[PDB]
C-alpha cells in the first residue's frame, strides 16, 4: 500500500460516486436549456450544488495524497484535477448570488425580445428573428436597427450583472490560487509534470499574440477585399479607408463573415458552392442533415450515433410551447448519454454545424471508457477542433457533389477553387481577429486593467484596431456589448476558437497524409478513409490522459500550436487577393466613424 496505490483506490471510489451526481446535474441543466422556467432553474441550482459539495469534499481528500510520491502519469493527472477546491470556495451568499447572475444572463440571452418600432407588439427574439435579419438583410437601416436594439434593450440589462460576475468570478479564481478568472481559464492549457512537454499559462498569451502576427497580412487583404465589395452593397455608407461598420458583417457581431459570401463571391457565374439553395429544392430537413453527417463518420470507420442520441436530442426548434436555448451545443451527460441541442434550419451553415457538433460527440464517445477525470479533450482547443476538421472535408465541392448537392457534371475550375477558398476564409480567417480581440478584452477586464467606466471605450478601441470594425452608434458605459454574445453571457472561454482554428489545419494535414490525398490541402476529403478515421480515433480515445503537447506531437509531429498549415491552406487565395487589391486601399484608419 504505497501512496500511489492508496490514491488509485481513492480515485476508484471517486469515479463510482461521481458518475451519478454528475449525470443528475447534466439532466437538470438539459431541462433548463430545453425548457427555461423558474422550477427548472431551481432544480439546476440544486443539482449543481450537490455536485459542487461532492467535489469539495472529494478534492480536500485528494490533496492529502502528495503528488511528489506518485510516478504513474495518468494517476498524477487525475489528482491534479482535484488540486483546487473549485466553485465552493465562495460563501453561500456569494455562491447563490453568482448562480442568480449566471442564470439571469443566460435566461435574458435566450429569452429577451426587442419589439419593432412600427409594430409595438411584433416582437422578435435573437434566434431566429434577429439572427435572420443579420444574415439576410441588405438594408443598412434594418441591420442597424437589429444590431442596436439587441445591444440597447438587452445588453444594457446585462451590464450590471456582468460587473458583479467579474468580481465574484475573480474571487473564485483568487481562492483557487490563480491571479484572476482569465488566468484560471488559461489553465486549461497548463502542463506540469512532463519534461520537454511542459506548457505554462503565460506561454498561451505569447503563442497567441506571436501566431496572430502572421495572420494579419492575410486578414488585412481579406478585409480590404470585402470592404471594397461592401462599398457597392451600401452606397454612401462605407469609407474606402475605414473600418467596416459592425452591423454589416453578416451576423449579429461579425463573429463569422460567412453570410457576406453572396456579396463577395469572386466568381458569380459559376455553380453555387453554397449548397443552401440546393438543399431547399431537394426538400432536405433537419433529420436528413444529421443522418448525412452520420453517414460521413461511419464512412471513416467511426460509430453510428446511439439510439438515445436520436430519441433525446433536440435537433429542431420545439415551437413556442417551450423556451429553449438554441445555441448549438454538444452534450456529454455521462453514462453513455449523448445529445445535441440545436435549432437546425435548412442552410449550408447548419449543414456544416451539424457535422462539427457531431464531431464533438464522436470525441465524447471515443473517450467514454477513460476514467471520469480524464473524460475530456486534450484541451479546449482540441475539443472544439475535431468537428471543424470534419467540416473542412464536408465543405469541399468534391464532397458536396458526391452527396448530390451539386450537379453530377459539376466541373472544378481555378475559379470554383477561388470561390471556395474565399467562402472558407470569410468563416475561418474572419473569426480570428474577432476571437483574439474578444478574449483579450476579457483577459484585460479580469486582470483589472480597464476601469469600469472605460469598458465600452476600450472594447470599441480594440474593435477598431485589431479587428478593423467600428460601431455604427456611439455606446455609453450603460452598454455591455461583449455580453450580447452567447459565450460571454453564458460564461464560456473563447480563446478555444482561436487555438482550435490553428489545430484543425495541423490535424487535417496529418489526416490527409494518412488518406494518401494527392494535391493541395483544400481539395482533400477524408470521406471513406478508415486509415484517416483510425489515426483520428487513436487521438480521440485518449481524452486528457496525455498532456496536449504530446497528444499533438503524436498526430502531427509538433509539440506546439502552429499557424503555417492554415496559412498554406489559404496561399492560393492570398496571392489572388493581393492581386485583386492592387488598386484598392489595404489597411484601415481607426479615426473614421459611421456617425459624426
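Positions refer to the first chain, counted from 1.
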Original post:
For the stretches 140-148 and 83-91, which has the higher mean C-alpha B-factor as given in the deposited record?
Top reply: 83-91
Original post:
Is the mean CA B factor in the deposited entry higher across 541-549 or across 66-74?
Top reply: 66-74
Subject >> Largest Cα B-factor, entry values, listed residues 24, 581, 15, 575 >> reply: 575
**OP:** Could you say which of 162, 199, 434, 443 has its CA atom at the highest B factor, as listed in the PDB entry?
**Re:** 199
Original post:
When the modelled residues of the chain are sorted by Cα temperature factor, does residue 2 land in the lowest, middle or highest third?
Top reply: highest
Subject >> Chain thirds of CA B-factor: placement of residue 331 >> reply: middle
Subject >> Chain third (lowest, middle, highest) by recorded CA B-factor, residue given as residue 383 >> reply: lowest
Original post:
Ranked by Cα temperature factor within the chain, is residue 35 in the lowest third, the middle third or the highest third?
Top reply: lowest
Original post:
Among the modelled residues of its chain, does the C-alpha B-factor of residue 177 lie in the lowest, middle or highest third?
Top reply: middle
